[PDB]
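> Provide a 3D model corresponding to the input given below.
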Amino acid sequence: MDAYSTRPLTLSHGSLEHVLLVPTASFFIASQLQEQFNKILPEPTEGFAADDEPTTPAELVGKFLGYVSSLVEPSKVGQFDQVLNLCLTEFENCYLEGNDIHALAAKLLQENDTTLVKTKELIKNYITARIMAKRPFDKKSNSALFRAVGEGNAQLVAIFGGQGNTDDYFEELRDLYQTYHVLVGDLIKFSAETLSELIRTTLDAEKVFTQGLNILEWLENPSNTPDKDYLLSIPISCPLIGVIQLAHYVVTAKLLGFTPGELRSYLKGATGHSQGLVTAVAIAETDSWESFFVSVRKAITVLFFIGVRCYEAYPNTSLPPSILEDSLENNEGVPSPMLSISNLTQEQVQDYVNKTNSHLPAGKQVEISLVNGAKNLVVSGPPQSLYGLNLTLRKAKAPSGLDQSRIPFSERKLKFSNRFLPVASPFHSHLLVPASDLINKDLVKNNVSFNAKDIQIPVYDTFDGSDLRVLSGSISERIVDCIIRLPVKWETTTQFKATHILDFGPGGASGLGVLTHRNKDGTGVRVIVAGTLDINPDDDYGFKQXXXXXXXXXXXXXXXXXXXXXXXXXXXXX
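Numbering: from 1, shown residues only. Sure, the structure comes next:
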């Protein structure tokens, strides 16, 4: 054949029995919106919708067809259940050669049209078309960049973040659901039902989800998707969050042709962050997709109840405009009860904290929320107070106006960053405890709150990396106080013997995925999940999954080229 639109891609004339049920796709693919969307390309070269890359036609044809296809795995007969397969492999022999479509994605971000949405669609086309009828994801065998931890050449670790630096949340899950219809309708539809139940069951939780938690439709037709605001509030955010990372670990799986066991396998680490730990745990021990399921039920109800209850502590207090203004001028912004005091030191971060509480009543006082990074140091307390710290915080801070230009270090002043984060609640707090213990019980109160010695790999703690298995606390009683009470000291939670780190951190290159990197510069090669974008071989991600003939190696600062010695062919040192 010949996928048109000014760009040609031969489609081996199926010869007769094919070429007949083919043009039925030839003109249907000539879907009116392809010709006028091809006229926006003879000049505005592939303005939009398809065509981008010369071999991208194979996309929509091998997509549109891969959909109006069988419309059920139970073959809608050869019509669209074989005609679709002559081409499927036909595609797997153009510019992919196995290696995985996700990898052929790189062959776009850098080569031709630097487009994201034009590549994301591209994937969905494949993966979906593939699982539509024959060729299901299973073959198990993978390229490389993964043999490593299996041949002893490397070691892998896993991590999961939370309330990561993103005011989107759902903007990831939707753009995760839509992305791969196939590879997650499960966890999705599943967790859907799941949460949809954990409501009527905790009768009282119905007064905390004003915005119907019908996380279902929210995807298909966001037309009535409950705000952008409260879609973030703790109950509802907590769950869907893991859902994401879980969904990924899944895709990470299903893709890789494995099973949650085939993955809890190649590993050794797996350590989440606060709302990200709950994921690590429930992820450690998971075998086939038969066990893998209720396995999720856990995590879900977990974060679920944490949120639901934590929300009943000191929920979203009606923020005062009296401040919204002033705060929005210094540009600190979203007053949010949690702050990121970057570029500085603890104690320093402390001192300030101190003096503030000093005069401040006990209840409104504030703690040093996190300790991720050697500098970074999130803090939190009632929405208010926090800013009141920013007060003294500002005055002392320097406007970034040249001062070193003429002798600094001695008199020169400091530099900051006092912004807040996308987090309705004050995790790890001094007010998120009276309800803490309750969730512990709220756990058992639902025949699933366990996490026994089934601890596959060593899932490091929120405080001091211990296999988390030292019992005497059920874990599902620590994975509570380590969150809604105790700090994180992350640098202390890392102390890994890794070569890489897989972070299904909560959407984009801003959810620990990179921070973890920050702290260390000459060790792992931290790679993340969703998102295909790149940079400069620093923290390669999203595509380092199905990579073939390309291994990660973030040079070690000492090992990598360290002092040496040698002598001359005439006997001389050097």
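
> residue boundaries of the strands in this structure?
Ranges of strands within the chain are 158-160, 271-272, 339-340, 378-379, 502-503, 527-528, based on DSSP state E.

> any chance of the ones you listed in CSV, plus mean neighbour count?
Quick note: C-beta positions are derived from backbone N, CA and C, even for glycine. CSV is the format used below for these (neighbours: other Cβ atoms under 10 Å):
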stretch, mean neighbour count
strand 158-160, 31
strand 271-272, 30
strand 339-340, 23
strand 378-379, 25
strand 502-503, 29
strand 527-528, 25
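
> Turn those strands into a markdown table, including distance to residue 370.
A markdown table is the format used below for the strands of the chain (distance: least, Cβ to Cβ, whole Å):
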| stretch | distance to residue 370 |
| --- | --- |
| strand 158-160 | 15 |
| strand 271-272 | 14 |
| strand 339-340 | 9 |
| strand 378-379 | 4 |
| strand 502-503 | 16 |
| strand 527-528 | 20 |
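
> Which one, of the ones you listed, ends up nearest to residue 390?
strand 339-340 (7.2 Å; Cβ to Cβ).

> That closest one packs against which elements?
Secondary-structure packing of strand 339-340 (3 or more Cβ pairs under 8 Å, 6 or more residues apart in numbering; DSSP states H and E): strand 378-379, helix 383-394.

> for the strands of the chain, which one sits closest to residue 120?
strand 527-528 (15.7 Å).

> residues making contact with the closest one?
The contact list for strand 527-528, computed with Cβ atoms under 8 Å, 6 or more residues apart in numbering, reads 500-505, 508-509, 511, 513-514, 539-542, 544-545, 552.

> among the helices and strands packed on strand 339-340, which is the most enclosed?
Neighbour counts (mean count of other Cβ atoms under 10 Å) averaged over each of the helices and strands packed on strand 339-340 peak at strand 378-379, with a mean of 25.

> that older thread, redo the helices and strands packed on strand 339-340 as TSV? Include distance to residue 244.
As requested, the helices and strands packed on strand 339-340 are arranged in TSV below (distance: least, Cβ to Cβ, whole Å):
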stretch	distance to residue 244
strand 378-379	21
helix 383-394	26
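
> So which of the ones you listed is nearest residue 411?
The minimum distance between residue 411 and the helices and strands packed on strand 339-340 falls on helix 383-394, with 19.9 Å, by Cβ to Cβ.

> Quick one: list the elements packing against the closest one.
Packing partners of helix 383-394 (3+ Cβ pairs under 8 Å, 6+ apart): helix 321-330, strand 339-340, helix 348-359.

> Can I get these in CSV including distance to residue 286?
As requested, those are exported to CSV (distance: least, Cβ to Cβ, whole Å):
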stretch, distance to residue 286
helix 321-330, 44
strand 339-340, 33
helix 348-359, 38
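
> and among these, the most buried is which?
strand 339-340 (a mean of 23).

> Need the contact partners of it.
Outside strand 339-340, the residues that touch it by Cβ under 8 Å, 6+ apart are 369, 376-380, 386, 389-390, 417-421.

> Residue 58 reaches residue 94, doesn't it?
Yes - counting by Cβ atoms under 8 Å, residue 58 does reach residue 94; the two are 6.6 Å apart.

> Find residues that contact each of the two.
Residues within reach of residue 58 and of residue 94 at once, by Cβ under 8 Å, 6+ apart, are residue 9.

> more neighbours, the two?
residue 58 (24 against 13; other Cβ atoms under 10 Å).

> residues contacting the more buried one?
With contact set as Cβ under 8 Å, 6+ apart, residue 58 has these partners: 3, 9, 11, 87, 90-91, 94.

> Show me where the stretch 151-300 of the chain has its helices.
Counting by DSSP state H, counting those that start in this stretch, one finds helices in the stretch 151-300 of the chain at the ranges 170-177, 185-197, 234-256, 260-265, 277-284, 292-310.

> Please tabulate these in JSON lines, including the columns distance to residue 106.
Output for the helices of the stretch 151-300 of the chain, formatted as JSON lines (distance: least, Cβ to Cβ, whole Å):
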{"stretch": "helix 170-177", "distance to residue 106": "19"}
{"stretch": "helix 185-197", "distance to residue 106": "26"}
{"stretch": "helix 234-256", "distance to residue 106": "15"}
{"stretch": "helix 260-265", "distance to residue 106": "23"}
{"stretch": "helix 277-284", "distance to residue 106": "27"}
{"stretch": "helix 292-310", "distance to residue 106": "29"}
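
> Tell me which of these sits most buried.
For the helices of the stretch 151-300 of the chain, the largest average neighbour count (mean count of other Cβ under 10 Å) is found in helix 277-284, namely a mean of 28.

> Give me the contacts around that helix.
158-160, 242, 245-246, 249, 260, 264, 270-272, 295-296, 298-299, 302-303, 306, 451, 454-457, 459, 462, 468, 475, 479, 482-483, 504.

> give me the beta-bridge partners of residue 395?
Counting by DSSP bridges, residue 395 forms beta bridges with residue 397.

> That one: neighbouring residues, count only.
Residues within reach of residue 395, counting by other Cβ under 10 Å, total 7.

> Could you do residue 136 as well?
By other Cβ under 10 Å, neighbour count at residue 136 equals 13.

> For it, give me its contacts.
Residue 136 neighbours (Cβ under 8 Å, 6+ apart): residue 130.

> ok, now how distant is the residue nearest to residue 49 when sequence neighbours are not counted from residue 270?
Using Cβ to Cβ, 6 or more residues apart in numbering and skipping the chain neighbours, the partner closest in space to residue 49 is residue 37 (4.9 Å). Per Cβ to Cβ, to the nearest Å, residue 37 is found 45 Å from residue 270.

> Compare these two (neighbour count), which wins?
Neighbour comparison, residue 37 and residue 270: the larger count goes to residue 270, with 27 against 17 (by other Cβ under 10 Å).

> Skipping its backbone neighbours, what lies nearest that one in space?
For residue 270, the spatially nearest residue (Cβ to Cβ, 6+ apart) is residue 158, at 4.1 Å.

> do the same with residue 417
Nearest residue to residue 417 in three dimensions, chain neighbours excluded: residue 342, at 3.9 Å (Cβ to Cβ, 6+ apart).

> show me what contacts that neighbour?
Here residue 342 is in contact with 373, 375-377, 416-417 (criterion: Cβ under 8 Å, 6+ apart).

> Backbone dihedrals for it, please?
phi -50, psi -180 (degrees, to the nearest 10).

> Residue 253: what's it in contact with?
Shown in contact with residue 253 (Cβ under 8 Å, 6+ apart): 259-260, 262-263.

> please redo it, this time with the cut-off set to 7 Å
Counting by Cβ atoms under 7 Å, 6 or more residues apart in numbering, residue 253 touches 259-260, 263.

> now the residues you listed in TSV, with distance to residue 312?
Formatted as TSV, these follow (distance: Cβ to Cβ, whole Å):
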residue	distance to residue 312
259	38
260	33
263	36
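
> So what touches stretch 450-465?
By Cβ under 7 Å, 6+ apart, stretch 450-465 touches 264, 267-271, 274, 277, 280-281, 284-285, 467-469, 475-476, 482-483, 486-489, 492-493, 495.

> Filter these down to the buried ones and hand me the PyMOL line.
Command for PyMOL, covering only those of the contacts of stretch 450-465 found buried under the criterion 16 or more other Cβ atoms under 10 Å:
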select buried, resi 264+267+268+269+270+271+274+277+280+281+284+285+468+475+476+482+483+486+487+488+489+493
